[PDB]
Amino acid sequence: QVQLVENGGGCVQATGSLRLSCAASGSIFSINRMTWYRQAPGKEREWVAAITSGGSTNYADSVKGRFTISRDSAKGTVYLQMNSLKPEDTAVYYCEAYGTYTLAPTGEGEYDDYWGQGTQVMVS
């Protein structure tokens, strides 16, 4: 099947910056929506920001201006640039590949949703 694997997480100081990289494996043709969720310890999973195929982006209010989501179309990889960080932002961050069309050159394909493994993000 498909792999969502997140990278670019770590510990950083308040008012610092990270850039997360979500990598999608398998014979991916297209992804309707890729969305960033964060799970703070002891909180409900929070919706962060999202990008449609064709590059329409929207952001939670808590992160508007600070965060930006982007697609390296070439790479088939999305990025969440997180600047101006806060302890609030501390959480595990994962991706949701919604409407993931997968196809081999045999003609044999699938269409399904995929969830990422997550990467740790700690802000002092």
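Numbering starts at 1 and runs along the sequence shown.
Participant: For the C-alpha atoms alone, is the average B factor greater in 73 to 81 or in 34 to 42, going by the entry?
Facilitator: In the deposited entry, the stretch with the higher C-alpha B-factor mean is 73 to 81.
Participant: Taking the values exactly as deposited, rank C22 by C-alpha B-factor within its chain and report the matching third: lowest, middle or highest.
Facilitator: Top third by C-alpha B-factor.
Participant: What third of the chain, by the recorded C-alpha B-factor, contains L103?
Facilitator: For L103, the deposited C-alpha B-factor lands in the lowest third.
Participant: Which third, lowest, middle or highest, does the CA B-factor of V121 fall in along this chain?
Facilitator: For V121, whose C-alpha B-factor we compare with every modelled residue in the chain, the answer is the lowest third.
Participant: Classify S53 as lowest, middle or highest third according to the C-alpha B-factor given in the PDB entry, relative to its own chain.
Facilitator: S53: CA B-factor falls in the highest third of its chain.
Participant: Among the modelled residues of its chain, does the C-alpha B-factor of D61 lie in the lowest, middle or highest third?
Facilitator: It falls in the middle third of the chain.
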